[PDB]
file target_17.tsv (TSV, C-alpha atoms and all ligand atoms)
chain	number	residue	atom	x	y	z
D	1	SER	CA	130.88	-75.81	-32.53
D	2	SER	CA	131.34	-73.55	-35.54
D	3	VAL	CA	133.23	-71.17	-37.82
D	4	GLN	CA	132.82	-67.45	-37.16
D	5	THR	CA	131.83	-64.90	-39.78
D	6	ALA	CA	131.61	-61.21	-40.48
D	7	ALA	CA	129.83	-59.45	-43.33
D	8	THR	CA	129.71	-56.09	-45.06
D	9	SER	CA	127.90	-54.69	-48.10
D	10	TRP	CA	127.74	-51.50	-50.16
D	11	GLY	CA	125.81	-49.79	-52.88
D	12	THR	CA	122.43	-50.81	-54.23
D	13	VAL	CA	123.32	-53.87	-56.32
D	14	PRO	CA	124.72	-54.65	-53.66
D	15	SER	CA	128.24	-55.91	-53.37
D	16	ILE	CA	128.62	-58.22	-50.35
D	17	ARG	CA	131.72	-59.59	-48.64
D	18	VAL	CA	131.59	-62.46	-46.11
D	19	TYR	CA	134.70	-63.33	-44.08
D	20	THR	CA	134.98	-66.74	-42.38
D	21	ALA	CA	137.43	-67.63	-39.60
D	22	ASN	CA	138.21	-71.34	-39.32
D	23	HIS	CA	141.16	-72.86	-37.87
D	24	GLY	CA	143.08	-69.78	-37.43
D	25	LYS	CA	142.61	-68.82	-41.09
D	26	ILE	CA	140.25	-66.19	-42.51
D	27	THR	CA	139.00	-66.40	-46.11
D	28	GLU	CA	136.62	-64.21	-48.12
D	29	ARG	CA	133.64	-64.81	-50.41
D	30	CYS	CA	132.28	-62.10	-52.70
D	31	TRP	CA	129.00	-61.22	-54.42
D	32	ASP	CA	128.80	-58.45	-57.02
D	33	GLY	CA	125.33	-59.11	-58.42
D	34	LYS	CA	125.90	-62.23	-60.45
D	35	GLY	CA	127.16	-65.00	-58.25
D	36	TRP	CA	129.52	-65.78	-55.38
D	37	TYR	CA	133.27	-66.14	-55.88
D	38	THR	CA	136.38	-66.29	-53.73
D	39	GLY	CA	138.14	-63.02	-52.93
D	40	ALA	CA	141.79	-62.18	-52.50
D	41	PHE	CA	141.77	-61.84	-48.70
D	42	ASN	CA	143.52	-64.73	-46.93
D	43	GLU	CA	145.16	-64.02	-43.57
D	44	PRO	CA	145.44	-65.68	-40.15
D	45	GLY	CA	142.80	-65.18	-37.51
D	46	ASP	CA	140.64	-66.99	-34.99
D	47	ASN	CA	138.21	-64.07	-34.93
D	48	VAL	CA	137.14	-61.51	-37.52
D	49	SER	CA	135.17	-58.27	-37.74
D	50	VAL	CA	134.79	-55.91	-40.70
D	51	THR	CA	133.64	-52.41	-41.65
D	52	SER	CA	133.59	-50.58	-45.00
D	53	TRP	CA	132.80	-47.17	-46.47
D	54	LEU	CA	132.37	-45.50	-49.86
D	55	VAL	CA	134.01	-42.46	-51.34
D	56	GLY	CA	131.68	-41.74	-54.20
D	57	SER	CA	131.60	-45.24	-55.69
D	58	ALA	CA	134.99	-46.54	-54.46
D	59	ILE	CA	134.95	-49.04	-51.57
D	60	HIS	CA	137.36	-49.12	-48.63
D	61	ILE	CA	137.38	-52.17	-46.35
D	62	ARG	CA	138.95	-52.73	-42.94
D	63	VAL	CA	139.19	-56.29	-41.60
D	64	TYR	CA	140.21	-56.86	-37.98
D	65	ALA	CA	141.78	-60.29	-37.55
D	66	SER	CA	142.55	-61.48	-34.04
D	67	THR	CA	144.69	-64.40	-32.90
D	68	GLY	CA	145.06	-64.78	-29.17
D	69	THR	CA	145.33	-61.19	-27.97
D	70	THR	CA	146.82	-59.75	-31.17
D	71	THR	CA	144.49	-57.86	-33.53
D	72	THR	CA	145.84	-57.02	-36.99
D	73	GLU	CA	144.01	-54.51	-39.21
D	74	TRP	CA	143.96	-55.28	-42.93
D	75	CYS	CA	143.23	-52.49	-45.46
D	76	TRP	CA	141.66	-52.60	-48.92
D	77	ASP	CA	141.63	-49.21	-50.65
D	78	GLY	CA	141.15	-50.59	-54.16
D	79	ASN	CA	144.57	-52.04	-54.97
D	80	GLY	CA	145.58	-54.91	-52.71
D	81	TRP	CA	145.41	-55.79	-49.02
D	82	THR	CA	147.98	-54.28	-46.65
D	83	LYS	CA	148.44	-54.06	-42.89
D	84	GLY	CA	146.97	-50.91	-41.39
D	85	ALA	CA	148.07	-48.72	-38.49
D	86	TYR	CA	145.59	-50.10	-35.93
D	87	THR	CA	147.01	-50.97	-32.53
D	88	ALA	CA	145.12	-52.04	-29.42
D	89	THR	CA	147.21	-49.99	-26.93
U	1	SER	CA	142.22	-68.80	-28.67
U	2	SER	CA	141.49	-65.11	-29.04
U	3	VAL	CA	139.82	-61.81	-28.18
U	4	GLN	CA	136.62	-60.95	-30.06
U	5	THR	CA	136.03	-57.69	-31.89
U	6	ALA	CA	133.38	-55.59	-33.55
U	7	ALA	CA	133.83	-52.55	-35.77
U	8	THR	CA	131.86	-49.64	-37.17
U	9	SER	CA	132.69	-46.58	-39.29
U	10	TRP	CA	131.02	-43.45	-40.62
U	11	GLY	CA	131.51	-40.58	-42.98
U	12	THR	CA	134.19	-40.26	-45.63
U	13	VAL	CA	137.28	-39.49	-43.52
U	14	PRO	CA	136.24	-42.01	-42.02
U	15	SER	CA	135.84	-42.29	-38.30
U	16	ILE	CA	136.30	-45.89	-37.14
U	17	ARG	CA	135.52	-47.55	-33.80
U	18	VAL	CA	136.84	-51.02	-32.87
U	19	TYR	CA	135.52	-52.75	-29.74
U	20	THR	CA	137.48	-55.64	-28.19
U	21	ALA	CA	136.11	-58.16	-25.68
U	22	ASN	CA	138.74	-59.82	-23.50
U	23	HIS	CA	138.26	-61.32	-20.23
U	24	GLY	CA	134.83	-60.18	-19.72
U	25	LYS	CA	135.78	-56.56	-20.41
U	26	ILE	CA	135.12	-54.54	-23.57
U	27	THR	CA	137.31	-51.56	-24.51
U	28	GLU	CA	137.27	-49.20	-27.49
U	29	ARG	CA	139.86	-47.80	-29.91
U	30	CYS	CA	139.13	-44.83	-32.15
U	31	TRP	CA	140.37	-43.39	-35.45
U	32	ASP	CA	139.29	-39.95	-36.65
U	33	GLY	CA	141.73	-39.44	-39.52
U	34	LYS	CA	144.95	-38.81	-37.69
U	35	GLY	CA	145.81	-41.75	-35.50
U	36	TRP	CA	144.34	-44.31	-33.13
U	37	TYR	CA	143.45	-43.47	-29.53
U	38	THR	CA	141.48	-45.02	-26.69
U	39	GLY	CA	137.79	-44.16	-26.41
U	40	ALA	CA	135.56	-43.68	-23.42
U	41	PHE	CA	133.65	-46.97	-23.70
U	42	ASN	CA	134.61	-49.49	-21.01
U	43	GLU	CA	131.97	-52.00	-19.90
U	44	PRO	CA	131.75	-55.72	-19.10
U	45	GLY	CA	131.18	-58.28	-21.80
U	46	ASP	CA	132.40	-61.60	-23.15
U	47	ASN	CA	130.88	-60.81	-26.54
U	48	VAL	CA	130.28	-57.58	-28.46
U	49	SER	CA	128.46	-56.34	-31.55
U	50	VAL	CA	127.94	-52.77	-32.74
U	51	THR	CA	125.89	-50.64	-35.15
U	52	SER	CA	125.85	-46.89	-35.80
U	53	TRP	CA	123.98	-44.28	-37.84
U	54	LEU	CA	124.23	-40.61	-38.78
U	55	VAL	CA	121.76	-37.80	-38.44
U	56	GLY	CA	123.27	-35.26	-40.77
U	57	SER	CA	126.82	-35.35	-39.39
U	58	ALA	CA	126.08	-36.51	-35.81
U	59	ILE	CA	126.91	-40.14	-34.95
U	60	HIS	CA	124.81	-42.48	-32.81
U	61	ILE	CA	126.33	-45.77	-31.66
U	62	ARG	CA	124.74	-48.85	-30.11
U	63	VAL	CA	126.99	-51.48	-28.52
U	64	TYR	CA	125.52	-54.83	-27.48
U	65	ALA	CA	127.57	-56.39	-24.69
U	66	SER	CA	126.74	-59.93	-23.63
U	67	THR	CA	127.85	-61.84	-20.55
U	68	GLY	CA	126.42	-65.31	-20.19
U	69	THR	CA	122.85	-64.88	-21.41
U	70	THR	CA	122.49	-61.20	-20.50
U	71	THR	CA	122.82	-58.63	-23.31
U	72	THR	CA	123.12	-54.97	-22.30
U	73	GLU	CA	122.70	-52.22	-24.89
U	74	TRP	CA	124.95	-49.18	-24.50
U	75	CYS	CA	124.03	-45.87	-26.19
U	76	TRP	CA	126.19	-43.02	-27.47
U	77	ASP	CA	124.16	-40.08	-28.79
U	78	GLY	CA	126.99	-37.55	-28.56
U	79	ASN	CA	127.25	-36.91	-24.82
U	80	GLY	CA	128.26	-39.98	-22.83
U	81	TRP	CA	127.45	-43.69	-22.76
U	82	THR	CA	124.24	-44.84	-21.09
U	83	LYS	CA	122.27	-48.08	-20.88
U	84	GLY	CA	119.58	-48.36	-23.54
U	85	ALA	CA	116.11	-49.92	-23.51
U	86	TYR	CA	117.07	-53.15	-25.31
U	87	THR	CA	115.79	-56.36	-23.79
U	88	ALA	CA	116.03	-59.88	-25.20
U	89	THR	CA	112.50	-60.99	-24.19
S	1	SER	CA	130.57	-67.81	-21.20
S	2	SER	CA	127.97	-66.07	-23.33
S	3	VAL	CA	125.51	-65.74	-26.21
S	4	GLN	CA	126.80	-64.15	-29.42
S	5	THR	CA	125.14	-61.25	-31.20
S	6	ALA	CA	125.11	-59.28	-34.40
S	7	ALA	CA	123.41	-55.98	-35.12
S	8	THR	CA	122.36	-53.81	-38.04
S	9	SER	CA	120.44	-50.54	-38.42
S	10	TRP	CA	119.07	-48.30	-41.16
S	11	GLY	CA	117.54	-44.93	-41.77
S	12	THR	CA	117.42	-42.02	-39.35
S	13	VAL	CA	114.73	-43.17	-36.90
S	14	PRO	CA	116.54	-45.70	-36.89
S	15	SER	CA	115.32	-49.22	-37.28
S	16	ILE	CA	117.60	-51.68	-35.47
S	17	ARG	CA	117.82	-55.47	-35.63
S	18	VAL	CA	119.78	-57.54	-33.07
S	19	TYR	CA	120.35	-61.26	-33.70
S	20	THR	CA	121.32	-63.55	-30.81
S	21	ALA	CA	122.82	-67.03	-31.15
S	22	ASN	CA	122.26	-69.30	-28.15
S	23	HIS	CA	122.26	-72.93	-28.10
S	24	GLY	CA	122.39	-73.42	-31.72
S	25	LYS	CA	119.35	-71.18	-32.26
S	26	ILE	CA	119.31	-67.61	-33.57
S	27	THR	CA	116.44	-65.23	-32.71
S	28	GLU	CA	115.80	-61.58	-33.59
S	29	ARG	CA	114.73	-58.46	-31.69
S	30	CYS	CA	113.53	-55.33	-33.47
S	31	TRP	CA	113.30	-51.59	-32.79
S	32	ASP	CA	111.39	-49.27	-35.11
S	33	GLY	CA	111.31	-46.12	-32.97
S	34	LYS	CA	108.79	-47.05	-30.34
S	35	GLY	CA	109.94	-50.10	-28.45
S	36	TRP	CA	111.57	-53.49	-28.87
S	37	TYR	CA	109.67	-56.52	-30.14
S	38	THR	CA	110.45	-60.00	-31.43
S	39	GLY	CA	111.00	-60.43	-35.15
S	40	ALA	CA	110.15	-63.25	-37.50
S	41	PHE	CA	113.69	-64.61	-37.93
S	42	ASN	CA	114.24	-67.93	-36.14
S	43	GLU	CA	116.81	-70.33	-37.60
S	44	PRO	CA	119.60	-72.61	-36.34
S	45	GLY	CA	123.08	-71.29	-35.75
S	46	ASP	CA	125.94	-71.25	-33.27
S	47	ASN	CA	127.32	-68.09	-34.86
S	48	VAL	CA	125.72	-65.13	-36.62
S	49	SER	CA	126.71	-62.10	-38.68
S	50	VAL	CA	124.48	-59.65	-40.54
S	51	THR	CA	124.54	-56.90	-43.18
S	52	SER	CA	121.75	-54.78	-44.69
S	53	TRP	CA	121.19	-52.16	-47.37
S	54	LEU	CA	118.48	-49.77	-48.57
S	55	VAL	CA	116.95	-49.29	-51.97
S	56	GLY	CA	115.30	-45.94	-51.51
S	57	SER	CA	113.46	-46.71	-48.27
S	58	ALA	CA	113.14	-50.51	-48.61
S	59	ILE	CA	115.44	-52.65	-46.43
S	60	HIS	CA	117.23	-55.84	-47.50
S	61	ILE	CA	118.87	-58.00	-44.83
S	62	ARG	CA	121.33	-60.88	-45.12
S	63	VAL	CA	121.96	-63.06	-42.07
S	64	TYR	CA	124.81	-65.58	-42.12
S	65	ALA	CA	124.12	-68.43	-39.71
S	66	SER	CA	126.88	-70.95	-39.10
S	67	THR	CA	126.71	-74.35	-37.43
S	68	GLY	CA	129.94	-76.30	-37.37
S	69	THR	CA	131.45	-75.53	-40.76
S	70	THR	CA	128.17	-74.90	-42.60
S	71	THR	CA	127.14	-71.27	-43.22
S	72	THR	CA	123.59	-70.65	-44.43
S	73	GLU	CA	122.60	-67.25	-45.83
S	74	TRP	CA	119.10	-66.04	-44.99
S	75	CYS	CA	117.45	-63.30	-47.10
S	76	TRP	CA	114.86	-60.67	-46.21
S	77	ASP	CA	113.77	-58.58	-49.19
S	78	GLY	CA	110.53	-57.34	-47.62
S	79	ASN	CA	108.30	-60.42	-47.76
S	80	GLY	CA	109.59	-63.32	-45.69
S	81	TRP	CA	112.91	-65.02	-44.95
S	82	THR	CA	114.33	-67.45	-47.49
S	83	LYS	CA	117.64	-69.24	-48.01
S	84	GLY	CA	120.02	-67.34	-50.27
S	85	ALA	CA	122.58	-68.51	-52.83
S	86	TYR	CA	125.65	-68.05	-50.60
S	87	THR	CA	128.11	-70.93	-50.55
S	88	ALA	CA	131.52	-71.05	-48.88
S	89	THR	CA	133.31	-72.92	-51.71
D	101	LIG	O1	136.63	-57.66	-56.79
D	101	LIG	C1	136.83	-58.51	-55.67
D	101	LIG	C2	137.74	-57.83	-54.66
D	101	LIG	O2	138.81	-57.18	-55.30
D	101	LIG	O3	136.90	-56.88	-54.00
D	101	LIG	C3	137.55	-56.14	-52.97
D	101	LIG	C4	138.08	-57.07	-51.90
D	101	LIG	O4	136.96	-57.74	-51.32
D	101	LIG	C5	139.04	-58.06	-52.54
D	101	LIG	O5	139.57	-58.98	-51.59
D	101	LIG	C6	138.31	-58.82	-53.64
D	101	LIG	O6	139.19	-59.74	-54.27
D	102	LIG	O1	144.82	-46.23	-45.50
D	102	LIG	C1	145.16	-47.02	-44.37
D	102	LIG	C2	144.69	-46.39	-43.06
D	102	LIG	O2	145.27	-45.13	-42.86
D	102	LIG	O3	143.27	-46.28	-43.17
D	102	LIG	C3	142.61	-45.76	-42.01
D	102	LIG	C4	142.87	-46.64	-40.81
D	102	LIG	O4	142.29	-47.92	-41.08
D	102	LIG	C5	144.37	-46.76	-40.58
D	102	LIG	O5	144.66	-47.61	-39.48
D	102	LIG	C6	145.05	-47.27	-41.85
D	102	LIG	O6	146.46	-47.31	-41.70
D	103	LIG	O1	135.62	-38.71	-29.79
D	103	LIG	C1	135.76	-40.04	-29.31
D	103	LIG	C2	134.43	-40.53	-28.79
D	103	LIG	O2	133.77	-39.54	-28.05
D	103	LIG	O3	133.68	-40.86	-29.96
D	103	LIG	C3	132.38	-41.40	-29.69
D	103	LIG	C4	132.48	-42.67	-28.87
D	103	LIG	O4	133.21	-43.62	-29.65
D	103	LIG	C5	133.21	-42.36	-27.58
D	103	LIG	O5	133.36	-43.52	-26.76
D	103	LIG	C6	134.58	-41.78	-27.90
D	103	LIG	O6	135.28	-41.46	-26.70
D	104	LIG	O1	118.30	-43.05	-27.23
D	104	LIG	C1	118.34	-44.35	-26.64
D	104	LIG	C2	117.43	-45.34	-27.37
D	104	LIG	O2	116.10	-44.92	-27.35
D	104	LIG	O3	117.92	-45.39	-28.71
D	104	LIG	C3	117.24	-46.32	-29.56
D	104	LIG	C4	117.35	-47.73	-29.02
D	104	LIG	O4	118.74	-48.09	-29.03
D	104	LIG	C5	116.79	-47.77	-27.61
D	104	LIG	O5	116.91	-49.06	-27.03
D	104	LIG	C6	117.51	-46.73	-26.74
D	104	LIG	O6	116.94	-46.69	-25.43
D	105	LIG	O1	108.79	-55.47	-39.20
D	105	LIG	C1	109.62	-56.43	-38.56
D	105	LIG	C2	110.31	-57.29	-39.60
D	105	LIG	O2	109.41	-57.65	-40.63
D	105	LIG	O3	111.36	-56.48	-40.12
D	105	LIG	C3	112.17	-57.12	-41.10
D	105	LIG	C4	112.82	-58.36	-40.53
D	105	LIG	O4	113.67	-57.95	-39.46
D	105	LIG	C5	111.74	-59.30	-40.03
D	105	LIG	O5	112.28	-60.49	-39.46
D	105	LIG	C6	110.89	-58.57	-39.00
D	105	LIG	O6	109.85	-59.43	-38.52
D	106	LIG	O1	117.72	-62.04	-53.43
D	106	LIG	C1	118.52	-63.09	-52.90
D	106	LIG	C2	119.99	-62.96	-53.31
D	106	LIG	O2	120.13	-63.00	-54.71
D	106	LIG	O3	120.42	-61.70	-52.80
D	106	LIG	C3	121.81	-61.42	-53.03
D	106	LIG	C4	122.69	-62.47	-52.38
D	106	LIG	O4	122.48	-62.40	-50.96
D	106	LIG	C5	122.32	-63.83	-52.93
D	106	LIG	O5	123.10	-64.86	-52.32
D	106	LIG	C6	120.83	-64.09	-52.71
D	106	LIG	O6	120.44	-65.34	-53.29
D	107	NA	NA	135.58	-68.27	-64.22
D	108	NA	NA	147.93	-36.48	-26.27
D	109	NA	NA	100.85	-55.97	-28.93
D	110	ZN	ZN	138.00	-78.82	-37.77
D	111	ZN	ZN	144.29	-64.29	-20.76
D	112	ZN	ZN	122.68	-72.80	-21.37
call {"tool": "encode", "arguments": {"input": "target_17.tsv", "output": "structure tokens", "more": "lines below"}}
Ligand SMILES: OC[C@@]1(O)OC[C@@H](O)[C@@H](O)[C@@H]1O
Ligand SMILES: OC[C@@]1(O)OC[C@@H](O)[C@@H](O)[C@@H]1O
Ligand SMILES: OC[C@@]1(O)OC[C@@H](O)[C@@H](O)[C@@H]1O
Ligand SMILES: OC[C@@]1(O)OC[C@@H](O)[C@@H](O)[C@@H]1O
Ligand SMILES: OC[C@@]1(O)OC[C@@H](O)[C@@H](O)[C@@H]1O
Ligand SMILES: OC[C@@]1(O)OC[C@@H](O)[C@@H](O)[C@@H]1O
Ligand code: NA
Ligand code: NA
Ligand code: NA
Ligand SMILES: [Zn+2]
Ligand SMILES: [Zn+2]
Ligand SMILES: [Zn+2]
result
Amino acid sequence: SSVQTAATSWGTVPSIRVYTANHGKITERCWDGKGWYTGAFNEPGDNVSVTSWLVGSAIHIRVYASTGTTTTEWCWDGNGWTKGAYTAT
Amino acid sequence: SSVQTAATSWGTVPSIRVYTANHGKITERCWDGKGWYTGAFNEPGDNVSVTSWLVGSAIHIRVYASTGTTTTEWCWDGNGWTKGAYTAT
Amino acid sequence: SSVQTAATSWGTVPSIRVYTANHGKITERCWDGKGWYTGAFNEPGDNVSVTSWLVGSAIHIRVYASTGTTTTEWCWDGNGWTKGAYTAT
């Protein structure tokens, strides 16, 4: 079987973020042009998807972590991860 | 276990679309800057991926819904969802 | 049950790439504006995610293929697929 991943990137360097779901936990690895390192994101989930967008040169990331039938949105706007407003119904 | 999602976004507001596969059915939730609401997309699938692109300010979305070994592409060009030309072989 | 896919696109034509994981093998289908055709990517994986970015008009693609707990990054910079530096720890 296997872990499940999601990936996003931005800019021209680029920056890359890769999220991995394994045993109900999602972790994050990061590339900013030099090498890979572990990111701050660490939240529960069996499944993960991600999207991101720039405002000028500032990144915003949304990570959708699902356990069973519950999907939690996690927000990065440049200063820490927080739960977002997403609901499924 | 859990549902499986895919996500896309565009612009700077942004607009966000989150697709969720659960019990062989995919549904869609939408954010356009104000709050989340249910979108028009509703098609069968155990698995889902998505990509989207802008022409100027008009969005185009492609959703790849898979059941067993059959992957159906669904197209949004601004005026309703239709099946696209994608085939796997 | 079902195969698992990931998708990316770029430009305004657009170009689209759709990766499908089935039986521990990932393959690639390609659209460049005319029709769909099979791409060069063919590597092992039970799970797949993808991201891509432009430099001017040149595409770069990163495909994250996972089997069990091992995630291999595959790089397209315009001249063949190679393994990238990604590690999970
Ligand atoms: O600079 C790395 C970092 O701050 O980038 C944005 C997010 O990916 C964070 O989780 C991560 O720690
Ligand atoms: O800044 C956070 C937020 O408003 O960003 C846009 C959407 O992701 C919302 O669900 C989320 O609460
Ligand atoms: O305005 C919402 C909407 O039209 O946006 C484009 C697609 O996401 C549609 O399914 C969705 O109903
Ligand atoms: O406008 C629909 C279409 O031509 O868009 C590009 C690709 O997604 C094709 O498979 C699809 O039929
Ligand atoms: O022109 C098609 C192609 O070269 O595009 C870039 C990558 O998707 C390759 O695997 C693919 O064969
Ligand atoms: O050109 C290849 C490379 O440097 O591209 C950026 C990242 O994907 C790295 O892991 C990878 O080795
Ligand atoms: Na250090
Ligand atoms: Na209303
Ligand atoms: Na031919
Ligand atoms: Zn284990
Ligand atoms: Zn159930
Ligand atoms: Zn089979």
call {"tool": "residues_around", "arguments": {"input": "target_17.tsv", "residues": "region 12-29 of chain D", "least_positions_apart": "4", "cutoff": "10 Å", "atoms": "all atoms listed in the file", "output": "JSON, numbers by chain"}}
result
{"D": [2, 3, 4, 5, 6, 7, 8, 33, 34, 36, 37, 38, 39, 40, 41, 42, 43, 44, 45, 46, 47, 48, 49, 50, 52, 59, 61, 63, 65, 66, 67, 68], "U": [1, 2], "S": [49, 50, 51, 52, 53, 54, 55, 56, 60, 62, 64, 66, 68, 69, 71, 86, 87, 88, 89]}
call {"tool": "calpha_fit_and_write", "arguments": {"input": "target_17.tsv", "fixed": "chain S", "moving": "chain D", "output": "PDB file with C-alpha atoms, in the frame of the given file"}}
result
ATOM      1  CA  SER D   1     130.572 -67.810 -21.197  1.00  0.00           C
ATOM      2  CA  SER D   2     127.966 -66.067 -23.329  1.00  0.00           C
ATOM      3  CA  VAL D   3     125.512 -65.740 -26.211  1.00  0.00           C
ATOM      4  CA  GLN D   4     126.803 -64.149 -29.412  1.00  0.00           C
ATOM      5  CA  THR D   5     125.137 -61.252 -31.194  1.00  0.00           C
ATOM      6  CA  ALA D   6     125.107 -59.287 -34.403  1.00  0.00           C
ATOM      7  CA  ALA D   7     123.412 -55.972 -35.124  1.00  0.00           C
ATOM      8  CA  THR D   8     122.353 -53.813 -38.043  1.00  0.00           C
ATOM      9  CA  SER D   9     120.443 -50.544 -38.420  1.00  0.00           C
ATOM     10  CA  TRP D  10     119.072 -48.291 -41.157  1.00  0.00           C
ATOM     11  CA  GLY D  11     117.545 -44.924 -41.774  1.00  0.00           C
ATOM     12  CA  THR D  12     117.424 -42.025 -39.351  1.00  0.00           C
ATOM     13  CA  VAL D  13     114.737 -43.172 -36.903  1.00  0.00           C
ATOM     14  CA  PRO D  14     116.540 -45.700 -36.895  1.00  0.00           C
ATOM     15  CA  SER D  15     115.311 -49.221 -37.285  1.00  0.00           C
ATOM     16  CA  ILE D  16     117.606 -51.679 -35.470  1.00  0.00           C
ATOM     17  CA  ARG D  17     117.819 -55.465 -35.630  1.00  0.00           C
ATOM     18  CA  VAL D  18     119.775 -57.537 -33.073  1.00  0.00           C
ATOM     19  CA  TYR D  19     120.350 -61.256 -33.698  1.00  0.00           C
ATOM     20  CA  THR D  20     121.314 -63.554 -30.803  1.00  0.00           C
ATOM     21  CA  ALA D  21     122.820 -67.038 -31.152  1.00  0.00           C
ATOM     22  CA  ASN D  22     122.253 -69.303 -28.152  1.00  0.00           C
ATOM     23  CA  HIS D  23     122.263 -72.924 -28.103  1.00  0.00           C
ATOM     24  CA  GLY D  24     122.391 -73.421 -31.723  1.00  0.00           C
ATOM     25  CA  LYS D  25     119.349 -71.185 -32.260  1.00  0.00           C
ATOM     26  CA  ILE D  26     119.306 -67.607 -33.565  1.00  0.00           C
ATOM     27  CA  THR D  27     116.443 -65.232 -32.713  1.00  0.00           C
ATOM     28  CA  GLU D  28     115.804 -61.582 -33.593  1.00  0.00           C
ATOM     29  CA  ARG D  29     114.732 -58.466 -31.689  1.00  0.00           C
ATOM     30  CA  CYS D  30     113.529 -55.331 -33.468  1.00  0.00           C
ATOM     31  CA  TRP D  31     113.304 -51.593 -32.788  1.00  0.00           C
ATOM     32  CA  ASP D  32     111.393 -49.262 -35.110  1.00  0.00           C
ATOM     33  CA  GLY D  33     111.310 -46.123 -32.972  1.00  0.00           C
ATOM     34  CA  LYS D  34     108.790 -47.055 -30.334  1.00  0.00           C
ATOM     35  CA  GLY D  35     109.938 -50.096 -28.455  1.00  0.00           C
ATOM     36  CA  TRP D  36     111.576 -53.497 -28.868  1.00  0.00           C
ATOM     37  CA  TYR D  37     109.666 -56.525 -30.142  1.00  0.00           C
ATOM     38  CA  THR D  38     110.453 -59.998 -31.421  1.00  0.00           C
ATOM     39  CA  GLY D  39     110.999 -60.429 -35.156  1.00  0.00           C
ATOM     40  CA  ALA D  40     110.150 -63.256 -37.501  1.00  0.00           C
ATOM     41  CA  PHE D  41     113.689 -64.615 -37.930  1.00  0.00           C
ATOM     42  CA  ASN D  42     114.244 -67.937 -36.139  1.00  0.00           C
ATOM     43  CA  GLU D  43     116.813 -70.334 -37.602  1.00  0.00           C
ATOM     44  CA  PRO D  44     119.605 -72.603 -36.343  1.00  0.00           C
ATOM     45  CA  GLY D  45     123.082 -71.283 -35.747  1.00  0.00           C
ATOM     46  CA  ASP D  46     125.938 -71.251 -33.271  1.00  0.00           C
ATOM     47  CA  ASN D  47     127.319 -68.087 -34.859  1.00  0.00           C
ATOM     48  CA  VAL D  48     125.712 -65.132 -36.617  1.00  0.00           C
ATOM     49  CA  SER D  49     126.711 -62.105 -38.682  1.00  0.00           C
ATOM     50  CA  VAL D  50     124.478 -59.651 -40.544  1.00  0.00           C
ATOM     51  CA  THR D  51     124.539 -56.900 -43.172  1.00  0.00           C
ATOM     52  CA  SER D  52     121.750 -54.778 -44.685  1.00  0.00           C
ATOM     53  CA  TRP D  53     121.186 -52.152 -47.369  1.00  0.00           C
ATOM     54  CA  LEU D  54     118.479 -49.767 -48.573  1.00  0.00           C
ATOM     55  CA  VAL D  55     116.946 -49.285 -51.970  1.00  0.00           C
ATOM     56  CA  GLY D  56     115.298 -45.937 -51.517  1.00  0.00           C
ATOM     57  CA  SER D  57     113.461 -46.705 -48.275  1.00  0.00           C
ATOM     58  CA  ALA D  58     113.136 -50.510 -48.606  1.00  0.00           C
ATOM     59  CA  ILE D  59     115.441 -52.649 -46.434  1.00  0.00           C
ATOM     60  CA  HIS D  60     117.224 -55.833 -47.501  1.00  0.00           C
ATOM     61  CA  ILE D  61     118.869 -58.002 -44.838  1.00  0.00           C
ATOM     62  CA  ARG D  62     121.328 -60.879 -45.127  1.00  0.00           C
ATOM     63  CA  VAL D  63     121.956 -63.062 -42.067  1.00  0.00           C
ATOM     64  CA  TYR D  64     124.811 -65.574 -42.117  1.00  0.00           C
ATOM     65  CA  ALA D  65     124.127 -68.434 -39.716  1.00  0.00           C
ATOM     66  CA  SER D  66     126.886 -70.951 -39.095  1.00  0.00           C
ATOM     67  CA  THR D  67     126.713 -74.354 -37.424  1.00  0.00           C
ATOM     68  CA  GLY D  68     129.939 -76.299 -37.369  1.00  0.00           C
ATOM     69  CA  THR D  69     131.453 -75.535 -40.764  1.00  0.00           C
ATOM     70  CA  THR D  70     128.170 -74.897 -42.594  1.00  0.00           C
ATOM     71  CA  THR D  71     127.148 -71.272 -43.213  1.00  0.00           C
ATOM     72  CA  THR D  72     123.594 -70.659 -44.433  1.00  0.00           C
ATOM     73  CA  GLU D  73     122.602 -67.248 -45.832  1.00  0.00           C
ATOM     74  CA  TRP D  74     119.101 -66.038 -44.987  1.00  0.00           C
ATOM     75  CA  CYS D  75     117.455 -63.293 -47.102  1.00  0.00           C
ATOM     76  CA  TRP D  76     114.854 -60.669 -46.207  1.00  0.00           C
ATOM     77  CA  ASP D  77     113.766 -58.572 -49.191  1.00  0.00           C
ATOM     78  CA  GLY D  78     110.530 -57.342 -47.619  1.00  0.00           C
ATOM     79  CA  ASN D  79     108.303 -60.420 -47.757  1.00  0.00           C
ATOM     80  CA  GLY D  80     109.585 -63.321 -45.682  1.00  0.00           C
ATOM     81  CA  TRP D  81     112.905 -65.011 -44.943  1.00  0.00           C
ATOM     82  CA  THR D  82     114.334 -67.451 -47.493  1.00  0.00           C
ATOM     83  CA  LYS D  83     117.640 -69.237 -48.020  1.00  0.00           C
ATOM     84  CA  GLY D  84     120.015 -67.342 -50.278  1.00  0.00           C
ATOM     85  CA  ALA D  85     122.577 -68.509 -52.827  1.00  0.00           C
ATOM     86  CA  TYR D  86     125.651 -68.054 -50.602  1.00  0.00           C
ATOM     87  CA  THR D  87     128.112 -70.930 -50.547  1.00  0.00           C
ATOM     88  CA  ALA D  88     131.515 -71.053 -48.874  1.00  0.00           C
ATOM     89  CA  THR D  89     133.311 -72.926 -51.709  1.00  0.00           C
TER      90      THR D  89
END
call {"tool": "residues_near_ligand", "arguments": {"input": "target_17.tsv", "ligand": "ligand LIG 104 (chain D)", "cutoff": "6 Å", "atoms": "all atoms listed in the file", "output": "list in words"}}
result
residues 75, 84, 85 and 86 of chain U
